[PDB]
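Let me begin by presenting the structure, written as structure tokens, before commenting on it.
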Ligand SMILES: CSc1cccc(CC(=O)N2CCC[C@H](C(N)=O)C2)c1
Ligand SMILES: [Zn+2]
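In the authors' numbering, the protein residues as written are 7 to 145.
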């Protein structure tokens, strides 16, 4: 679990969105596993606007942060799950690092701010949904 809170927006994994997220829907994209809902309170976070390929993510299944080198956002095949059929997930960045299903929502940050959230993983890999291209989150 986890979310990004920026301005009057809440960014979560689309497969973990609640009934309240869908009732306050701003934008969603199944191909990115992202959903953004509106909030009444002002959010705690800053979004990075950069091309960093290193950062640190929070891993809830270890209660620890880990440094990672990650690939640039790209289209990556993701096997079928209870939430989606087998498909290409876009804007996904991979890195070597521990992850389990409940780690989705953990934030990846660089020195400039929030880069994205855990969305996939397996076999010593961890995949992050990028949010740096969503310029409208800042206005
Ligand atoms: C098996 S270790 C693991 C680590 C992190 C996550 C997972 C689960 C996983 O990748 N998916 C299930 C939820 C939706 C995801 C998606 N973005 O399509 C795919 C598994
Ligand atoms: Zn950066």
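Cβ coordinates follow ideal geometry from the N, Cα and C atoms, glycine included.
From the options, residue whose alpha carbon lies closest to that of residue i
i           : options        : result
residue 133 : 36, 84, 28, 46 : 84
residue 117 : 8, 52, 67      : 52
residue 58  : 144, 145, 136  : 136
residue 112 : 65, 49, 20     : 65
Cα-Cα separation between residue i and residue j, rounded to whole angstroms
i           : j           : result
residue 102 : residue 13  : 31 Å
residue 34  : residue 40  : 6 Å
residue 92  : residue 108 : 20 Å
residue 121 : residue 115 : 5 Å
residue 44  : residue 30  : 5 Å
residue 26  : residue 62  : 30 Å
Distance cut-off 6 Å: residue i Cβ against heavy atoms of ligand 2
i           : result
residue 97  : no
residue 148 : Residue 148 lies beyond the residue range present for the chain, which begins at 7 and ends at 145; the question has no answer from this structure.
Ligand 1 heavy atom lying under 6 Å from the CB of residue i
i          : result
residue 67 : no
residue 84 : yes
residue 21 : yes
Whole-number beta carbon distance between residue j and residue i, since they are thought to touch under 8 Å
i          : j          : result
residue 17 : residue 23 : With 8 Å as the limit, residue 17 and residue 23 do not qualify as a contact, their Cβ atoms being about 10 Å apart.
Collapsed DSSP secondary structure at residue i in the structure displayed
i          : result
residue 16 : strand
residue 75 : strand
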